[PDB]
Amino acid sequence: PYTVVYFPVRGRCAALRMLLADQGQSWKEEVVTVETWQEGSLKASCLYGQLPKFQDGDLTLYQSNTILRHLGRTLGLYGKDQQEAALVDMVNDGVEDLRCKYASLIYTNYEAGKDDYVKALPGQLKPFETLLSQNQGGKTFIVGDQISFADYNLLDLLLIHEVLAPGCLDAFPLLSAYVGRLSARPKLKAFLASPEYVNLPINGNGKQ
Amino acid sequence: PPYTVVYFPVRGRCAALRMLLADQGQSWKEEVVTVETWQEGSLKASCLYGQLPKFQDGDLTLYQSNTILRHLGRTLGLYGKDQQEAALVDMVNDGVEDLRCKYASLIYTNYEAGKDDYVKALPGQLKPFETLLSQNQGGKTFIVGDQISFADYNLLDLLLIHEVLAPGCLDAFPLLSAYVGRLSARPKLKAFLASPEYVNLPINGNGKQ
Ligand SMILES: N[C@@H](CCC(=O)N[C@@H](CS)C(=O)NCC(=O)O)C(=O)O
Ligand SMILES: N[C@@H](CCC(=O)N[C@@H](CS)C(=O)NCC(=O)O)C(=O)O
Ligand SMILES: O=[N+]([O-])c1ccc(SCCCCCCO)c2nonc12
Ligand SMILES: O=[N+]([O-])c1ccc(SCCCCCCO)c2nonc12
């Protein structure tokens with residue numbers, strides 16, 4: 001069984017939660033309040049002084065993308081071969097890059113930086129549209145014909161950007177259809193509709 | 001060679017993967033991209049995320065430095081002995097990437113104003129890797145398990161460039177210090193690090209270090 005240790009926010013656990021839900025995996029949520037975190041003891045015990053912390057039986061992991069890659073590896077969501085595995089990494093690293101830019105905006109420069117960020121957004125999303133266009137016309141997944149951890153990470157990136165800049169996918173038919181298609185997967189649909197997801201803020205500072 | 005590295009004339013985000021290839025006795029081609037060629041725009045427009053490095057393994061074209069590291073890691077058997085070790089290797093590399101991003105931000109956006117604060121924060125940033133070494137065979141081997149991983153090469157570069165930025169930063173970290181000496185002494189890697197191919201490239205693209 002799995003345990004997710006995190007703040008009461010979607011943030012960097014959103015993608016891995018979607019993965020677990022869609023894959024019909026059970027997990028426990030250990031919700032850490034800001035007050036508990038500010039006490040200091042849990043933070044000091046964390047490898048890089050940060051969350052998420054993740055438990056897979058006796059194995060304890062840190063780093064959101066390590067968790068995603070671990071679940072991808074152990075559950076067979078990492079491409080069909082080494083070639084696809086490399087492409088999956090390439091997508092995920094791209095998602096991470098834009099997530100970092102997004103987080104920087106949200107937490108450090110929302111008011112002054114939003115206009116420039118949204119203006120630059122089309123150019124940041126186009127690589128993912130291009131990737132879909134080059135994989136079976138964008139009719140399946142981001143890499144190959146089976147779902148990967150990168151799909152869940154990209155899906156979250158796209159969902160949070162729809163909130164930040166409504167209509168940001170309108171120019172991108174493959175990304176638009178991809179979001180709708182993945183979101184309609186029965187277990188994922190149910191999770192995305194649940195208060196467990198809906199009633200958490202996207203970020204920790206009330207900005208989105 | 002089956003491998004091609006496409007990059008600016010700098011060490012930067014290719015240093016670790018080059019060390020990996022050299023230490024593993026692999027052949028590769030270097031394709032150098034000048035400031036002018038980059039400013040022209042055509043190569044940049046053709047890159048997936050508009051950035052370098054670009055890497056070729058036969059007809060497989062990759063972008064993203066850590067994607068290249070993981071690809072070489074998997075293919076050359078530098079990704080742990082099993083699934084659990086693979087996760088630990090990823091955990092290390094993600095930590096290295098996190099600090100590398102902070103390093104790059106200092107170098108390229110805020111060197112003069114940010115250096116003092118960065119160097120003050122540095123011991124707290126390096127400590128986790130010392131901790132990991134201490135919990136793995138007393139720090140006498142590698143960062144994860146008893147065989148070298150792509151994370152070792154990435155960590156090694158991170159440590160080398162930080163010793164240039166903050167001389168003596170590893171004085172506080174005996175295991176990290178010995179680790180750098182040990183890995184740097186690996187014969188193929190030692191030869192590569194001493195070679196014009198490595199030495200005559202700057203660490204960064206703006207002449208800061
Ligand atoms: N590279 C890390 C970063 C994790 C991170 O930024 N953690 C934040 C929340 S998403 C945190 O624990 N902030 C609290 C702190 O640093 O004190 C990952 O992917 O997990
Ligand atoms: N996430 C990327 C970052 C790549 C990157 O920041 N590339 C820089 C050189 S290291 C670049 O191409 N800058 C030129 C530009 O953006 O025009 C990776 O790991 O490869
Ligand atoms: O992915 N992030 O950069 C990130 C996620 C979540 C949060 S919310 C964490 C709330 C706990 C309070 C401590 C904030 O440093 C972040 N705060 O600064 N960067 C954050
Ligand atoms: O890893 N980096 O963030 C990074 C590496 C190398 C460089 S140097 C690239 C030189 C090309 C610049 C050409 C000027 O139009 C970085 N510049 O900004 N971030 C950089």
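Each position is counted from 1, following the chain as shown.
A Cβ is built for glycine as well, from the same backbone N, Cα and C atoms used for every other residue.
As annotated in Swiss-Prot, phosphothreonine applies, among B:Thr34, B:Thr61, to B:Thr61. Just one of B:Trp28, B:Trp38 is listed by Swiss-Prot for the same glutathione site as B:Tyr7, B:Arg13, B:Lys44, B:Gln51, B:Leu52, B:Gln64, B:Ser65, and that one is B:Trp38. Between the listed residues B:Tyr103, B:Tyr153, B:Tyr198, Swiss-Prot assigns phosphotyrosine to B:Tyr198, with no corresponding entry for the rest in that record. Largest CA to CA distance in the glutathione binding set (B:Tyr7, B:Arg13, B:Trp38, B:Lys44, B:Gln51, B:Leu52, B:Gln64, B:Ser65): 18 Å, whole number. For B:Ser65 (glutathione binding site), the nearest of the modified residues by C-alpha distance turns out to be B:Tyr3; the candidates were B:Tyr3, B:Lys115, B:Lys127.
When the neighbouring Cβ atoms lying within 10 Å are counted for each of the recorded positions (B:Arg13, B:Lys44, B:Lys102, B:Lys115, B:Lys127), the highest count belongs to B:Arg13.
Contact with chain A, taken as any Cβ pair under 8 Å, is found for the recorded positions B:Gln64 out of B:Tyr7, B:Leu52, B:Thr61, B:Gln64, B:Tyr198. The Cβ of B:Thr61 (phosphothreonine) has B:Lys54, B:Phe55 as same-chain neighbours under 8 Å, each 6 or more residues away in sequence.
Checked against ligand 1, the recorded positions B:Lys44, B:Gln51, B:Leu52, B:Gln64, B:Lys127, B:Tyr198 give no residue with a Cβ less than 6 Å away from one of its atoms. All protein chains shown were included, and the count of other CB atoms within 10 Å of the CB of B:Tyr198 (phosphotyrosine) stands at 16.
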